[PDB]
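Quick notes on the structure that follows.
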Amino acid sequence: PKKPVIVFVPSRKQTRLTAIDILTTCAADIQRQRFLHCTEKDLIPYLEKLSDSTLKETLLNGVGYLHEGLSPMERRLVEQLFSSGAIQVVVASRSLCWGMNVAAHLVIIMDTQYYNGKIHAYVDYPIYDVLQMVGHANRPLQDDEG
Amino acid sequence: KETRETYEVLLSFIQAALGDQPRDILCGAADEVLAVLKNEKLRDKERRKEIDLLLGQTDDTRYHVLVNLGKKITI
Amino acid sequence: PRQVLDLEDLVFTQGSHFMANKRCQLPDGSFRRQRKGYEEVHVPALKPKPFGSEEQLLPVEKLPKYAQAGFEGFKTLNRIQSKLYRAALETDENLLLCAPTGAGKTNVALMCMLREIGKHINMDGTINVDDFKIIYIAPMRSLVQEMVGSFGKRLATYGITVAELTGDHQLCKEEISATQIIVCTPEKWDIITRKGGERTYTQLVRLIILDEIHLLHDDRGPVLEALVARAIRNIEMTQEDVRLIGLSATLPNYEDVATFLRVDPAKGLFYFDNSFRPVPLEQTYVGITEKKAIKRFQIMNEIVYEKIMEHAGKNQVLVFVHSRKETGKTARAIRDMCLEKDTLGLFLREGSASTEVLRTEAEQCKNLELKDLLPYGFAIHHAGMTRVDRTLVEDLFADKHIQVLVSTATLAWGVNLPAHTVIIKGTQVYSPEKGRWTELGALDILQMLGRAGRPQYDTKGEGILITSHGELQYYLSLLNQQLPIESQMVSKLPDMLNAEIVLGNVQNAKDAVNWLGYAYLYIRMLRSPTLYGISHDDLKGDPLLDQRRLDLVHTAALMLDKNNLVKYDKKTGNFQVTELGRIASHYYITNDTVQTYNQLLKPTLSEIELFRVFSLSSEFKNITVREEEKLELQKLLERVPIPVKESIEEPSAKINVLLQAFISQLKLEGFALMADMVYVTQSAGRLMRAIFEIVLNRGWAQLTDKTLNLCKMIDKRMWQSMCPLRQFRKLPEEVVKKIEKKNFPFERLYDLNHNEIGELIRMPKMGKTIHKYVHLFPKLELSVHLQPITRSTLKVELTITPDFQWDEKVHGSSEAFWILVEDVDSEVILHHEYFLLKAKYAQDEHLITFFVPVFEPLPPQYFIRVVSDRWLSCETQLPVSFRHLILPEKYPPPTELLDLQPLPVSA
Amino acid sequence: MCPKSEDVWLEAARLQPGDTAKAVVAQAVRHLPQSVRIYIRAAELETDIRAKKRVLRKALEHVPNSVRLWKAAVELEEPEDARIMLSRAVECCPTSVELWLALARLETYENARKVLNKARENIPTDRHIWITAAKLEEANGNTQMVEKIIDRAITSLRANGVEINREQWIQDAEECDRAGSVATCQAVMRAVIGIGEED
Amino acid sequence: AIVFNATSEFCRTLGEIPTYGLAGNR
């Protein structure tokens, strides 16, 4: 509840939708802005750097997201907002499992399949991707468990 | 228990010549038909104009069907 | 805090028929008289309300231009439609139109549809069809099938696809993805929302239109309360607004349906009393008084004769009866009485155009029952006669040639043919779900009496309602705005609570109390505490009524965890969904039915015991075997092919042989027995699918073969030893019985030519068609590439090759298959998975990679059965043989963490 | 072993626990309709006013001419439904004075006078309908008409042939004095002491 | 005005009914 979360999602377009669906569900409950452990006083130097406006919409409520289409500007600044503990949830794409300089308490892996459109089928994740995603649930000193 | 089977074939004759009514309608018509062919005191030529008039004038081959109903009835 | 309630105490046992009112106060000139064995209660034609001095029938040239294309043929609007064109087109408020039946409520729904259609106008084109969906929830299915035609005609100029939600869940999610106006029953839309096949298009649903929302009073009430509590709760949680348009009949507690629909009673609530009915009906009520039911039946026939003869030459009459046989029975009965009293020529005077059209239309007719009546004025219309012949009756009655139409209720839903006089004869329908002769519903009576008075010719409707006298006050309260709409949700509260638990909408008892606050039961419990088992002491001690909602949630959750549907702890109040919960929610079977299927389903059940486990469903708890059909049941029990362990005077044997007499297509004769058969099979679709899902989830391979086969046998209405060419309904049945007579295996037909087939059946004319239909039959060719991953796990890469010609008229958008991988004994499914063969991707291989476990007594095979989810005798088995399978060695154990004292960096 | 015997069936209702005694009573009313003791025992078995009302409604539908069933079904209803049911009670039990007296208690003066008039037309030989007319007259605003009723009472009851008792009439005066209508009891006691000089 | 009532209609359907025109108050 009060510890970092990475939500790995199948695609570049699923991460924005899931970063909004976490927020509509936390605003469905009365605990809106429960994923922002800092204040909006502290987010404006990090929110004024970004290009994706809906990333600012989701980050101001405490849920960042990450995919290939973001710039490493936005990617490194969301990773810095997440490593500091300012936000609590980062919804990262499946292909960013290798490239994340951050590790959470809870890693949710939503839907371990992805649409290979060359064969028109939902191929499963290779287990090395799922093992790296699982290994992102590893905060050595801060966490008793992962 | 074998009064009940002539009772059921009387219900089924009423259901065929009267047309799929509830249980109390058919059993009240059963009481009516059996207690009106028993209480004729064996008056027989008057039974068409009451009872097939009730059952809608099928024809008198079903009247000689319905004679055997009332025959096979009996602090 | 929680106190367990008596949940069957609080229900209304009459169901659709419960009267909340003690008094029924009538209009002014509304006398009653005890004539002879019946009391006749007239209620006169209410004069229409005189027009407001600044209120007029606006034309269609004053509503906005995007909506003018929907109102073709309409110069002006109705009065009720003119009162709320501004609230249905200019405002996005939730509406509750409480109009009389027949007063143009579907054009109000069309106005709301045109507002939501008019938000996607796409300036150079016409309609952006794929950014919105409109749900039209109408109570009866034939009303849905004619609303599909009406909205398909009216929205044809917009290119809007209107369709009806039918078929299996894949067909329903394809029909949702393809269409804009989705017309459905409340139960079909609710079973889609429970199974989840609209979840991708609920951000696209912007308008649900609840036609006939006084179904809240019906026993189908909890479905509508669950639908609206779910939609309103998603509006309060997800915050995407859907517009709810409830169309109702003018009945009391309309302000509670307004609060239930989140309708603001200023802007959205419109209550038009029965004066605003377009053709004002003089309504007569014959309540038969005497207490011997055969005299009541004779008096009812005398009353339909007298009320027919009251409108003999003057007006058309639409008699409404309960059964299809009763239709011809009382048509011939009033014809025999008119021929008896020599009043037969009053209908057909020598109006030689009319009687000549009737005579030459009679001699053309194929229906020998309708040919008996059509030379005179009389005719029949049930759903059992031909489409040609029943539209012949429709068009001959709309041209004032048929003087007396007799019909079942379905015409009143299916067709908008109104008559001057309607005469509802009897008000007694045999409902098999209660297993008895119950009264006609509020819905069916209000719809039958909306056909009184046609809006073209008639200045005054006339609706005679022949009833028992004790049931007279119910229909007087119903048709005169005095039968209150009360919630029936305590009947089905554990099932709707389980549907909210399964969907994840409620998680603990607090969210379940929050959801119960959105129901109609909460508003009715707030406004009328006494009727729902609440004292005023309890409303003064709990004004928002939260402890009663906790007690209802706790009682329903005790019903859910007793029947193992929900893991419910009384400590924290949290719910956990069980897979029996998912199956009972997905297939609508009650909590007692899944407790029956949890007790009774073993892996070792035969096909004999499977019909018995089906027949002990709690959906059939009111099915009793009456003695008047027992003889016929014996004639079924000696002919049904699966044996029945029970004796025939036990009800489970009746449900057993009725399901088997359905699948065998045995002709039944009793009306009660055909009605019980239709009921048990329309329940048997979902019940057998729920048994199949329970059995498949627990992994029992023999019973999942039996249950999936029995799903497809109930659906296709054939036994699986019959020819698979009966699932193509386009074949002649004589050549199919010639194929079953010459009993070779069906797979022999694949290798033959179209000459060779036709001379094997000795039907050389039919041979090319048999070849086309045997190659239209679904047939997958499987190949396995197995690779031992560990000693315990194999990776099976199953390539599925469609070896059948796809055709959209027989297969549709998709063919669904089950891939079941099972052991040598075929009694444990090691891996089941669903496989959609989509129509874009026929004729090409599908790689399905999965991992199956392999245990220490190394089996000689596994079996991959790819069966059809829909088609009988569509199964490809492939033995994955483990003869030359060299498993990898059992790997060495990992190196242990020796508990070294932890290494300082100075090391 | 003994069907068509009401006392065995009542013993069977009395010896069971009540919820299976309900099925016992259902067996009994299948075996014995028109049996008011089984129906009153069915009424006492169910412990809620709605079910007692439904059971006694079925009872009155079966046997409608029994004063005990009307007494049992009226005692569950509140006064407007009770007087509506009592009107049918005295329409079906026209020779039972208790239903007429409870009805005339349960109604307005312009209706109670008609009801007592119809009770005296059906049942002339009663003396409680006359004293109930006196109690009705004194109970509403009139006060001097009461002695005109009682002198019209003992006239017609001596014209039909019941002697006045000197014990039952003074008992009617005593129960009237316990019912707060002392002026009617005054004239009744005057006539009763007069018709029953130094001895 | 004609007012229908549950108790009144139940009591109307009982009995003989030439007898509903008795005990006036009707």
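Letters A, B, ... go to the chains of the structure tokens in the order shown; residues in each chain start at 1; ligands are counted from 1 in the same order.
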Helix (DSSP H, G or I) residues, from DSSP on the backbone, in chain D, as a count of residues only: 141
Would you mind listing, as a tab-separated table (two decimals) with N, CA, C and O atoms, in the first residue's frame, all residues of chain C that have at least one atom within 12 Å of chain D, where only C-alpha atoms are what counts?
chain	number	residue	atom	x	y	z
C	9	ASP	N	-38.37	-14.57	4.04
C	9	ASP	CA	-39.44	-13.81	4.67
C	9	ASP	C	-39.67	-12.50	3.94
C	9	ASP	O	-40.82	-12.12	3.66
C	22	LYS	N	-53.42	-1.26	-0.82
C	22	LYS	CA	-54.62	-1.90	-0.30
C	22	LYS	C	-55.86	-1.39	-1.01
C	22	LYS	O	-56.79	-2.16	-1.27
C	23	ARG	N	-55.89	-0.11	-1.34
C	23	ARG	CA	-57.03	0.51	-1.99
C	23	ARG	C	-56.76	0.72	-3.47
C	23	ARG	O	-55.63	0.98	-3.88
C	290	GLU	N	-67.96	-17.27	-9.43
C	290	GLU	CA	-68.28	-18.57	-8.86
C	290	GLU	C	-67.03	-19.41	-8.66
C	290	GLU	O	-65.96	-19.12	-9.18
C	291	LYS	N	-67.20	-20.48	-7.88
C	291	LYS	CA	-66.07	-21.17	-7.29
C	291	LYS	C	-65.87	-22.58	-7.82
C	291	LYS	O	-64.97	-23.28	-7.35
C	470	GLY	N	-61.35	-12.42	-7.67
C	470	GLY	CA	-60.37	-12.04	-6.67
C	470	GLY	C	-59.16	-11.36	-7.27
C	470	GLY	O	-58.44	-10.64	-6.58
C	531	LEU	N	-43.37	-2.34	4.19
C	531	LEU	CA	-43.60	-3.37	3.19
C	531	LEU	C	-42.40	-4.30	3.03
C	531	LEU	O	-42.57	-5.43	2.56
Point-to-point distance from atom CA of residue 564 of chain C to atom CA of residue 580 of chain C, Å rounded to tenths: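 If I compute the distance from atom CA of residue 564 of chain C to atom CA of residue 580 of chain C, I get 7.2 Å.
If only C-alpha atoms are the atoms counted, then among A:85, A:4, A:50, A:22 the closest residue to residue 38 of chain A is A:85.
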Using only C-alpha atoms, which residues of chain D come within 8 Å of chain E, and what is the closest atom pair for each, with the distance in Å to one decimal? Give it as a tab-separated table, sorted by chain and residue number.
residue	atom	partner	partner_atom	distance
D:60	CA	E:14	CA	7.5
D:61	CA	E:14	CA	5.9
D:64	CA	E:15	CA	6.1
D:65	CA	E:15	CA	7.9
D:81	CA	E:7	CA	6.1
D:84	CA	E:8	CA	6.1
D:85	CA	E:11	CA	6.3
D:87	CA	E:23	CA	6.9
D:88	CA	E:11	CA	6.0
D:90	CA	E:23	CA	6.9
D:91	CA	E:22	CA	6.0
D:92	CA	E:15	CA	6.2
D:111	CA	E:25	CA	5.7
D:114	CA	E:24	CA	6.7
D:115	CA	E:23	CA	5.8
D:118	CA	E:23	CA	5.7
D:119	CA	E:23	CA	7.7
Create the file for the chosen residues now, containing C-alpha atoms and written as a PDB file, in the first residue's frame.
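Once written, result07.pdb looks like this:
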ATOM      1  CA  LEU D  60     -63.685 -18.710   5.356  1.00  0.00           C
ATOM      2  CA  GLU D  61     -63.535 -19.632   1.674  1.00  0.00           C
ATOM      3  CA  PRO D  64     -68.161 -19.437   5.463  1.00  0.00           C
ATOM      4  CA  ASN D  65     -71.144 -19.901   7.789  1.00  0.00           C
ATOM      5  CA  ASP D  81     -60.785  -4.011   7.605  1.00  0.00           C
ATOM      6  CA  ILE D  84     -65.522  -4.570   6.360  1.00  0.00           C
ATOM      7  CA  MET D  85     -65.027  -8.243   7.240  1.00  0.00           C
ATOM      8  CA  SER D  87     -70.288  -6.863   7.455  1.00  0.00           C
ATOM      9  CA  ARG D  88     -69.691 -10.046   5.482  1.00  0.00           C
ATOM     10  CA  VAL D  90     -73.204 -10.937   9.584  1.00  0.00           C
ATOM     11  CA  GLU D  91     -74.153 -11.406   5.938  1.00  0.00           C
ATOM     12  CA  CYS D  92     -72.977 -15.035   6.142  1.00  0.00           C
ATOM     13  CA  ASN D 111     -74.710   2.830   9.990  1.00  0.00           C
ATOM     14  CA  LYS D 114     -79.178   0.211  10.316  1.00  0.00           C
ATOM     15  CA  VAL D 115     -77.054  -2.737  11.456  1.00  0.00           C
ATOM     16  CA  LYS D 118     -81.145  -5.628  10.517  1.00  0.00           C
ATOM     17  CA  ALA D 119     -80.024  -7.665  13.536  1.00  0.00           C
TER      18      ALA D 119
END
Up to 10 Å from chain A, what residues of chain C turn up? Count only C-alpha atoms and give them as a PyMOL selection string. chain C and resi 233-239+511+840-841+844-850
Please produce a file of those selected residues containing N, CA, C and O atoms, as a PDB file, in the first residue's frame.
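Dumped everything to part33.pdb:
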ATOM      1  N   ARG C 233     -23.310   2.654 -10.775  1.00  0.00           N
ATOM      2  CA  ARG C 233     -22.101   2.523  -9.980  1.00  0.00           C
ATOM      3  C   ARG C 233     -20.857   2.747 -10.823  1.00  0.00           C
ATOM      4  O   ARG C 233     -19.886   3.332 -10.347  1.00  0.00           O
ATOM      5  N   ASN C 234     -20.867   2.313 -12.083  1.00  0.00           N
ATOM      6  CA  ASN C 234     -19.751   2.632 -12.960  1.00  0.00           C
ATOM      7  C   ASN C 234     -19.728   4.105 -13.329  1.00  0.00           C
ATOM      8  O   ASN C 234     -18.660   4.637 -13.626  1.00  0.00           O
ATOM      9  N   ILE C 235     -20.879   4.771 -13.316  1.00  0.00           N
ATOM     10  CA  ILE C 235     -20.900   6.214 -13.513  1.00  0.00           C
ATOM     11  C   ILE C 235     -20.298   6.919 -12.304  1.00  0.00           C
ATOM     12  O   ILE C 235     -19.556   7.896 -12.440  1.00  0.00           O
ATOM     13  N   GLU C 236     -20.565   6.414 -11.106  1.00  0.00           N
ATOM     14  CA  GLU C 236     -20.006   7.046  -9.917  1.00  0.00           C
ATOM     15  C   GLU C 236     -18.550   6.669  -9.659  1.00  0.00           C
ATOM     16  O   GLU C 236     -17.854   7.409  -8.958  1.00  0.00           O
ATOM     17  N   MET C 237     -18.073   5.541 -10.188  1.00  0.00           N
ATOM     18  CA  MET C 237     -16.679   5.140 -10.020  1.00  0.00           C
ATOM     19  C   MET C 237     -15.808   5.565 -11.198  1.00  0.00           C
ATOM     20  O   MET C 237     -14.865   6.341 -11.030  1.00  0.00           O
ATOM     21  N   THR C 238     -16.117   5.074 -12.398  1.00  0.00           N
ATOM     22  CA  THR C 238     -15.301   5.307 -13.582  1.00  0.00           C
ATOM     23  C   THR C 238     -15.442   6.734 -14.102  1.00  0.00           C
ATOM     24  O   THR C 238     -14.544   7.223 -14.800  1.00  0.00           O
ATOM     25  N   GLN C 239     -16.545   7.404 -13.761  1.00  0.00           N
ATOM     26  CA  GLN C 239     -16.859   8.809 -14.015  1.00  0.00           C
ATOM     27  C   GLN C 239     -17.049   9.132 -15.489  1.00  0.00           C
ATOM     28  O   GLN C 239     -17.069  10.311 -15.855  1.00  0.00           O
ATOM     29  N   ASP C 511     -18.300  -2.328   0.256  1.00  0.00           N
ATOM     30  CA  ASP C 511     -18.587  -2.053  -1.147  1.00  0.00           C
ATOM     31  C   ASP C 511     -19.860  -2.743  -1.595  1.00  0.00           C
ATOM     32  O   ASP C 511     -20.551  -2.245  -2.487  1.00  0.00           O
ATOM     33  N   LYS C 840     -10.901 -14.502 -40.604  1.00  0.00           N
ATOM     34  CA  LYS C 840      -9.781 -13.974 -41.373  1.00  0.00           C
ATOM     35  C   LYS C 840      -8.694 -15.023 -41.528  1.00  0.00           C
ATOM     36  O   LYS C 840      -8.028 -15.096 -42.567  1.00  0.00           O
ATOM     37  N   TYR C 841      -8.522 -15.860 -40.513  1.00  0.00           N
ATOM     38  CA  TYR C 841      -7.418 -16.801 -40.426  1.00  0.00           C
ATOM     39  C   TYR C 841      -7.899 -18.240 -40.516  1.00  0.00           C
ATOM     40  O   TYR C 841      -7.488 -19.093 -39.736  1.00  0.00           O
ATOM     41  N   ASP C 844      -5.008 -21.526 -42.648  1.00  0.00           N
ATOM     42  CA  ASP C 844      -3.603 -21.386 -42.295  1.00  0.00           C
ATOM     43  C   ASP C 844      -3.370 -21.919 -40.890  1.00  0.00           C
ATOM     44  O   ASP C 844      -4.260 -21.890 -40.037  1.00  0.00           O
ATOM     45  N   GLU C 845      -2.148 -22.387 -40.665  1.00  0.00           N
ATOM     46  CA  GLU C 845      -1.798 -23.103 -39.450  1.00  0.00           C
ATOM     47  C   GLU C 845      -1.715 -22.165 -38.258  1.00  0.00           C
ATOM     48  O   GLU C 845      -1.184 -21.057 -38.360  1.00  0.00           O
ATOM     49  N   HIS C 846      -2.237 -22.614 -37.125  1.00  0.00           N
ATOM     50  CA  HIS C 846      -2.115 -21.905 -35.863  1.00  0.00           C
ATOM     51  C   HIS C 846      -1.162 -22.669 -34.966  1.00  0.00           C
ATOM     52  O   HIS C 846      -1.385 -23.848 -34.692  1.00  0.00           O
ATOM     53  N   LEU C 847      -0.115 -22.005 -34.511  1.00  0.00           N
ATOM     54  CA  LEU C 847       0.800 -22.581 -33.543  1.00  0.00           C
ATOM     55  C   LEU C 847       0.262 -22.281 -32.156  1.00  0.00           C
ATOM     56  O   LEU C 847       0.155 -21.114 -31.769  1.00  0.00           O
ATOM     57  N   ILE C 848      -0.085 -23.322 -31.418  1.00  0.00           N
ATOM     58  CA  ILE C 848      -0.528 -23.198 -30.041  1.00  0.00           C
ATOM     59  C   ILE C 848       0.528 -23.885 -29.196  1.00  0.00           C
ATOM     60  O   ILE C 848       0.645 -25.113 -29.204  1.00  0.00           O
ATOM     61  N   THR C 849       1.336 -23.097 -28.514  1.00  0.00           N
ATOM     62  CA  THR C 849       2.405 -23.619 -27.686  1.00  0.00           C
ATOM     63  C   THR C 849       1.925 -23.652 -26.246  1.00  0.00           C
ATOM     64  O   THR C 849       1.419 -22.650 -25.735  1.00  0.00           O
ATOM     65  N   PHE C 850       2.052 -24.806 -25.604  1.00  0.00           N
ATOM     66  CA  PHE C 850       1.746 -24.896 -24.190  1.00  0.00           C
ATOM     67  C   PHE C 850       2.672 -25.916 -23.561  1.00  0.00           C
ATOM     68  O   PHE C 850       3.470 -26.559 -24.237  1.00  0.00           O
TER      69      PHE C 850
END
List as a ChimeraX atom specification the protein and nucleic acid residues near residue 11 of chain D, meaning an atom at most 12 Å away when only C-alpha atoms are counted, but skip any in the same chain fewer than 3 places from it. /D:5-8,14-17,21,24-25,28,37-38,41
Could you save the residues just selected, with C-alpha atoms, as a PDB file, in the first residue's frame?
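Result written to selection26.pdb:
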ATOM      1  CA  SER D   5     -62.111 -37.587  12.681  1.00  0.00           C
ATOM      2  CA  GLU D   6     -61.453 -34.011  13.787  1.00  0.00           C
ATOM      3  CA  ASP D   7     -60.356 -34.773  17.352  1.00  0.00           C
ATOM      4  CA  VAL D   8     -57.557 -37.176  16.335  1.00  0.00           C
ATOM      5  CA  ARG D  14     -51.220 -30.504  19.398  1.00  0.00           C
ATOM      6  CA  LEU D  15     -48.577 -33.199  19.897  1.00  0.00           C
ATOM      7  CA  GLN D  16     -46.212 -32.220  17.087  1.00  0.00           C
ATOM      8  CA  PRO D  17     -43.798 -29.320  17.072  1.00  0.00           C
ATOM      9  CA  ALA D  21     -47.877 -29.696  12.867  1.00  0.00           C
ATOM     10  CA  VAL D  24     -50.290 -32.367   9.967  1.00  0.00           C
ATOM     11  CA  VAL D  25     -53.033 -29.732   9.698  1.00  0.00           C
ATOM     12  CA  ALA D  28     -56.235 -32.833   8.102  1.00  0.00           C
ATOM     13  CA  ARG D  37     -61.450 -26.519  14.663  1.00  0.00           C
ATOM     14  CA  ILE D  38     -58.624 -27.585  12.352  1.00  0.00           C
ATOM     15  CA  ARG D  41     -55.702 -24.645  15.113  1.00  0.00           C
TER      16      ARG D  41
END
Set the distance at 7 Å and use only C-alpha atoms: which residues neighbour residue 19 of chain B once local chain neighbours fewer than 4 positions away are removed? I'd like the list as a count of residues only. 4
Taking only C-alpha atoms into account and nothing else, which residues of chain C lie no more than 10 Å away from chain B? Please answer as an MDAnalysis selection string. chainID C and resid 292:298 322:330 332:333 336:337 428:430 436:438 626:631 669:672
Might you pull out every residue within 12 Å of residue 757 of chain C, with only C-alpha atoms counted and same-chain residues fewer than 5 positions away left off, and present them as a ChimeraX atom specification? /C:735,738-739,742,744,746-752,762-775
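The space between atom CA of residue 729 of chain C and atom CA of residue 814 of chain C spans 18.6 Å.
Rounded to one decimal, atom CA of residue 675 of chain C and atom CA of residue 652 of chain C lie 15.9 Å from each other.
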